[PDB]
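Quick setup: one chain, the form deposited in one PDB entry, written in structure tokens, and binding and motion questions come after.
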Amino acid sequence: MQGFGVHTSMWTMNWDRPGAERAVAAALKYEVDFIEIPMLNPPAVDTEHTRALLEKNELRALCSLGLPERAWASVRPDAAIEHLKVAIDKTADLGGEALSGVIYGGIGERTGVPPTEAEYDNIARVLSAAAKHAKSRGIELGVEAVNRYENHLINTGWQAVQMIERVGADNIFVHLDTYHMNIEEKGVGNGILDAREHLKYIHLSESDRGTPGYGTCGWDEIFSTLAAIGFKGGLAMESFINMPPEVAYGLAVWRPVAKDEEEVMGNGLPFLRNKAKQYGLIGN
């Protein structure tokens, strides 16, 4: 992707037909370039209805997910491949251009001990098979590094790149998230530097998942480093005003992240757009 986008938890809990209507209508009011749609219940997504909305309103889209425990790639790789194939097909059917997020495991996945080579070997096989299926449907895959409490396998930019090189495909990119990097990166710019050759998507998410510009993320370091590495991918907001039920346990939003979507979008999006112009990011 390119330009500015929003994860649709800003506006709807589930990507059902009324939720798709609500999210797409809210998106055009902010003049964003794309939306990111959760692919958490693929058989439940009405792809024809979503595609019609996206094309009517000239909105691009990608999808993201976390794997359900029955299909965690680290331990149940055959089930993961089957699940990812379903999710890839539905993403392509609605006009999405990539499937990203925690496509290699669960949001809330934790064995209780550090990750093992056997787990990474399983993940690499899953992603290799999924990337071939994605290629057959004309979409790319994204691997999002998330913090230690949401997954034990891929937490940093450097680990995400290590997995992309372990898999050896040509259609998997790295997806970073400033909320996760705020915990995981030894200096937030290091995550961007480490991922630079594969970085195509970033969640500009505040440290408490609230309003960008009004938490602890080091935004000037983030934007300066994105400009320096020539970042030209998707800049996407992620604030859990609404919480998709299938990932609520893992995402740990126990209290409102902000007053409402009007506060987050009304203050956060102008802040991020202004920072992108300030540091001269490509496309700004």
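All residue numbers are counted from 1 along the displayed sequence. Think of the rigid core as the biggest set of C-alphas that the two forms share within 1.5 Å after superposition.
Here the subject shifts to the form deposited in another entry, a form of this protein not shown in this document.
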(request) State yes or no: after fitting on the rigid core, is the Cα displacement of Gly218 between this form and the one not shown at least 2 Å? (result) no
(request) State yes or no: after fitting on the rigid core, is the Cα displacement of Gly233 between this form and the one not shown at least 2 Å? (result) no
(request) Would you tell me if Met243 moves between this form and the one not shown by 2 Å or more at its C-alpha, with the rigid core held superposed? (result) yes
